[PDB]
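**Q** Need a 3D model of the following:
(one chain, ligands or ions: 3)
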Amino acid sequence: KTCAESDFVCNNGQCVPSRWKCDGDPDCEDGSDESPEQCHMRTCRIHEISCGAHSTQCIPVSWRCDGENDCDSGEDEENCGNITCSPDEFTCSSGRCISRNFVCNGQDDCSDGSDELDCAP
Ligand SMILES: [Ca+2]
Ligand SMILES: [Ca+2]
Ligand SMILES: [Ca+2]
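**A** Residues are numbered from 1 along each chain as shown. Ligands and ions are numbered 1, 2, ... in the order given. Structure data below:
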């Protein structure tokens with residue numbers, strides 16, 4: 001009662017045969033059927049724009065603070081909503097920036113703990 005062997009597994013535990021690849025199809029409740037996990041070579045489509053036709057990078061257009069997404073390497077708008085930090089800093093769940101040394105080291109630090117919100121492998 002499961003997809004065919006060559007099927008592609010989705011990140012939300014959902015199952016989608018190889019034909020629902022990054023193709024603009026919201027089939028995964030978490031929108032990540034078109035992310036680097038399944039579309040590990042291309043970017044999502046609609047509800048997420050293209051930052052690199054040469055790599056796997058799709059993000060939600062909401063970071064177009066200048067009317068464009070320029071995040072080729074997440075440099076122009078990383079955490080552009082909350083606070084604009086410098087891409088060379090550790091993006092906080094609230095947008096804040098701290099030293100990359102506080103990157104989820106299994107210990108809270110930036111605000112409360114979100115700094116490690118599901119920071120597992
Ligand atoms: Ca899809
Ligand atoms: Ca932008
Ligand atoms: Ca930490």
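
**Q** Residue numbers of this structure in contact with ligand 3?
**A** Within the chain, the positions near ligand 3 by C-beta under 5 Å from the ion are 102, 104-105, 109, 115. In this view, the C-beta of every residue, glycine as well, is placed from N, C-alpha and C.

**Q** can I see the domain layout of this structure?
**A** Domain assignment for the chain by automatic domain parsing gives 1-77, 78-121.

**Q** Dump these to a markdown table, plus mean neighbour count.
**A** Output for the domains of the chain, formatted as a markdown table (neighbours: other C-beta atoms under 10 Å):
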| stretch | mean neighbour count |
| --- | --- |
| domain 1-77 | 15 |
| domain 78-121 | 14 |
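
**Q** Make a markdown table from those domains and add distance to ligand 2 to it.
**A** Formatted as a markdown table, the domains of the chain follow (distance: least, C-beta to the ion, whole Å):
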| stretch | distance to ligand 2 |
| --- | --- |
| domain 1-77 | 4 |
| domain 78-121 | 6 |
